[PDB]
């Protein structure tokens, strides 16, 4: 598991790259994957920069914090731009949660430094909404 600020930010950046791709370059494919008629789905970003739409972890509590559940249940109930922004904010939050789960043993100043690396990047919400 990532431990240092640098290891955690490398992991963060790879998962974020995956989620950004799902929400922009691959958006039609991602949208189709989030079928409202499937069971409840989550969007994951993995440290090999792959994204994944799937059921949540079968066994709980999971090893890592979980992404928002059932995003496919919201897809057809709002405009596409609003659904993508909803997925984006929850994904931003998941990225932060995973990073500071790994970073639980960092001291105050190292946690601050980790956030400064994260905060130099546009959020997924920023990108998808065109801020």
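Positions refer to the first chain, counted from 1.
When the two stretches 31-39 and 87-95 are set side by side, the higher mean Cα temperature factor goes to 31-39. Higher mean CA B-factor, judged across 65-73 and 98-106 from the recorded values: 98-106. Compared with the other modelled residues of the chain, the Cα B-factor recorded for residue 78 ranks in the middle third. In the PDB entry, residue 60 places in the lowest third of its chain by CA B-factor. Per the deposited record, the Cα B-factor of residue 111 falls in the lowest third when ranked against the other modelled residues of its chain.
Residue 21: CA B factor lies in the middle third for its chain, per the PDB record.
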